[PDB]
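Given next are the chains, with one letter for each unit.
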Amino acid sequence: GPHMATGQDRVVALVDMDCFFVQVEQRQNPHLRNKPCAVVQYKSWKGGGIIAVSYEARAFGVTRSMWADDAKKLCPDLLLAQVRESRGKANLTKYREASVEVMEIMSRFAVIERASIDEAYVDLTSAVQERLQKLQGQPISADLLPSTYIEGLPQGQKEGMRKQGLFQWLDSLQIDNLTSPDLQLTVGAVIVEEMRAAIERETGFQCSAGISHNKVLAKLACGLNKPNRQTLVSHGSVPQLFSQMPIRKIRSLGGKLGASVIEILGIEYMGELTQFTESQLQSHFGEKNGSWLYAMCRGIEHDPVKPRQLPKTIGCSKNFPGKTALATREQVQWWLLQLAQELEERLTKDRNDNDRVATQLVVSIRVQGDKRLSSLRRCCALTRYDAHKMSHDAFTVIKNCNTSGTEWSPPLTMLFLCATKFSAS
DNA sequence: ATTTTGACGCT
DNA sequence: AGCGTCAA
Ligand SMILES: Nc1ncnc2c1ncn2[C@H]1C[C@H](O)[C@@H](COP(=O)(O)NP(=O)(O)OP(=O)(O)O)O1
Ligand SMILES: [Mg+2]
Ligand SMILES: [Mg+2]
């Protein structure tokens, strides 16, 4: 009762851009706007591989990882934008720069955690407290929440349903209580409406958001009403929401760990986890995972929003599948140089922008026939931002993988260079 | 022969 | 450190 934590101490939002790379391309090229569209990498093999899909194209069944040639079978009028190629490889600079546009806007509202190229968490707890003081007990008009869904409501047209749910929620709020978690989430949603309006006004890009008490629930909430909408998941909404929620839908449970939860416990839904003691869950999944699951299935998580707006690593990667695998020393050295030149360009820009220098170079390769994605991943010192030195050092680190008694055997099917371990500069 | 990323955990 | 998991 009075000593049972409820995980309602923070207001956390997760903002995630809608079909992000597509919107970047649609801003640049108005002919792509409001069309079935996808972003592809490469072209010669099966029309290229799709990495982002507009909602209009998703209605035809087009998905990420599809070859463009097959997507065209589902959607004959599908429009395509190609990722830039530089030095023989896909180059993601346009999307990294568009991401910075969005992150810098979000950072005006609160400190952010950059969780991917297109999404960030924000801890709105302080901002909500401030806004609740500026409010002075006044009620919250539905007009301040024009794109907000309240998960679980209404209870007892889709825009009409959205407004019915919001009306039920607001009618039940105790606006007189500055410590009420539900009121805090509501003010958080007002702030997120403002943040999302600023992103769209200042970049042209639309996004969705989740508002809840922790990162996992905010991320889950965000996807409930994509695109171009935001969703509030209250603590009270958790039992019903989790009662039919597949375990794999919760962040970190979409892979082998989640599959093992399902198999070992004989359950399907997140809510079913409440029927195990913390010790039982720790016995199956480890101390850390077990405690995390015990709290998470009750809607409780403590993972903080970390104050980090910039990536911690800067990497360059290229696969050489099938016949294109690298079988000569000239080939390996040429491609290591291509990757190192892109890396040097990005590192020099990062140093000028962000007052830091990377100090370690990680080199990773895959050899043809290896079942693992990396046959070798080894580090060396990164002492100067020079592409020829970095590529020579990478070659020195990998050269003893060549079992050729000029030739490279087995052929290399992947090269990867990554700068890590930044220090102030 | 989806690829190109990038954070964090384990030992 | 090097390897693995998870997800964008
Ligand atoms: N497997 C992959 N390989 C390469 N790039 C990928 C990728 N998955 C995503 N990206 C890139 C391209 C994506 O645009 C971007 C963000 O990924 P999301 O937020 O997971 N998906 P999006 O924003 O497109 O649609 P939604 O409205 O459902 O959020 O990351
Ligand atoms: Mg997105
Ligand atoms: Mg995303």
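Residues numbered from 1 in each chain as written, not as in the entry; some residues may be left out. Chains lettered and ligands numbered in written order. Heavy atoms only, no water. Residues with missing side-chain atoms left out of burial classes, pairs and counts.

For this deposition, the record names X-ray crystallography as the technique by which the model was determined and cites 1.3100 Å as its resolution.

Draft legend 1. Spatial organisation of the protein's contact with DNA strand C. Near DNA strand C there are 17 residues, and of these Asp-118, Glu-119, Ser-252, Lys-256 and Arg-377 occur at the shortest range. In DNA strand C, atoms within 4 Å of the protein come from the sugar-phosphate backbone in 100% of cases. One of the side-chain N or O atoms of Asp-118 is found 2.8 Å from a sugar or linking oxygen in DNA strand C. For DNA strand C, a phosphate oxygen lies 2.8 Å from a polar atom in the backbone of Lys-256. Those elements that provide at least two residues to the surface near DNA strand C are α10 (256-265) and β15 (376-381). Examining the composition of the surface near DNA strand C, we find that 4 residues originate from one element, β15, more than from any other. Residues belonging to the surface near DNA strand C are distributed by class as follows: 5 nonpolar, 4 polar and 8 charged. (Near = heavy atom within 4 Å. Polar contact = N/O pair within 3.5 Å; in protein donor to acceptor, adjacent residues only side chain to side chain. Helix = DSSP H or I, 4+ residues; strand = E, 2+ residues; numbered from the N terminus. Nonpolar A, V, L, I, M, F, W, Y, C, P; charged D, E, K, R; others polar.)

Draft legend 2. Spatial organisation of the site of ligand 1. Surrounding ligand 1, one finds 14 residues, the nearest of these being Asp-16, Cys-19, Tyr-55, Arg-58 and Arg-64. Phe-21 places a main-chain nitrogen or oxygen 3.1 Å from an oxygen atom of ligand 1. One of the side-chain nitrogen or oxygen atoms of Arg-64 is found 2.9 Å away from a nitrogen atom of ligand 1. Alone, ligand 1 offers 580 Å² of accessible surface; in the complex the protein occludes 68% of this. Looking at the shell around ligand 1, the elements that each hand over two or more residues are β1 (12-17), α1 (20-28), β3 (49-53) and α2 (55-58). Its residues placed into classes, the shell around ligand 1 shows 8 nonpolar, no polar and 6 charged. Domain assignment of the residues forming the shell around ligand 1 places at least three in each of domain 1 (1-18 + 89-246) and domain 2 (19-88). (Areas by Shrake-Rupley, 256 points an atom, 1.4 Å probe, with all protein chains shown as cover. Domains from an automatic or database assignment.)

Draft legend 3. Inspection of α10 at higher detail. Every buried residue of α10 is accounted for by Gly-258, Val-261 and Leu-265. All buried residues of α10 lie within an arc of 60° about the axis, which places them on one face of the element. Facing away from the buried side of α10, by more than 90 degrees, are the exposed residues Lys-256 and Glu-263. Check the buried side of α10 and you find it contacts α11 (278-285) and α12 (287-296). Count one or two residues on from α10 and you reach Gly-266, which has phi positive near 70°. (Buried < 20%, exposed > 50% of the residue type's maximum accessible area, 1.4 Å probe, protein only. Arc of directions from axis to C-beta. Contact = heavy atoms within 4.5 Å.)

Draft legend 4. Layout of the coordination of the magnesium ion (ligand 3). Around the magnesium ion (ligand 3), the protein contributes the donor atoms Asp-16 (OD), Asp-118 (OD) and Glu-119 (OE), which lie 2.0 to 2.1 Å from the metal centre. In the primary sequence, the donor residues of the magnesium ion (ligand 3) line up as D-x101-D-E. In this structure, the magnesium ion (ligand 3) is positioned 3.5 Å from the magnesium ion (ligand 2), and both are ligated by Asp-16. On the accessibility criterion, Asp-118 (12% relative accessible area) is buried. (Donors = N, O, S within 2.8 Å, 3.2 Å for Na, K, Ca; no water.)

Draft legend 5. The arrangement of the sheet that holds strand β11 (residues 230-232) in detail. Overall, mixed pairing links the 6 strands, which are arranged β7-β8-β1-β10-β11-β9 in an open sheet. The strands lining the two open edges of the sheet, one partner per strand, are β7 (112-116) and β9 (148-150). Adjacent strand axes in the sheet meet at a mean angle of 20°, parallel and antiparallel pairs treated alike. In terms of strand pairing, β1 meets strand β10 (residues 207-212) through 6 bridges, oriented antiparallel. In the strand pairing of β10, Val-15 is matched with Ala-209. Sheet strands touched by helix α7 (residues 181-203): β1, β8 (119-123), β9, β10 and β11. Its angle to β10, the strand with the most contacts, is close to 165°. (Pairing = 2+ DSSP bridges. Axes fitted to C-alpha atoms, helices over the stretch in contact; angles between N-to-C directions.)

Draft legend 6. Looking closely at the coordination of the magnesium ion (ligand 2). Protein-derived coordination of the magnesium ion (ligand 2) comes from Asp-16 (OD), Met-17 (O) and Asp-118 (OD), at a distance range of 2.0 to 2.1 Å. Metal-centred angles of 84 to 176° between the 6 donor atoms at the magnesium ion (ligand 2) mark the site as octahedral. Positions of the donor residues of the magnesium ion (ligand 2), expressed as sequence spacing, correspond to D-M-x100-D. (Tetrahedral: all angles 85-135°; square planar, octahedral: opposite > 155°, others 65-115°.)

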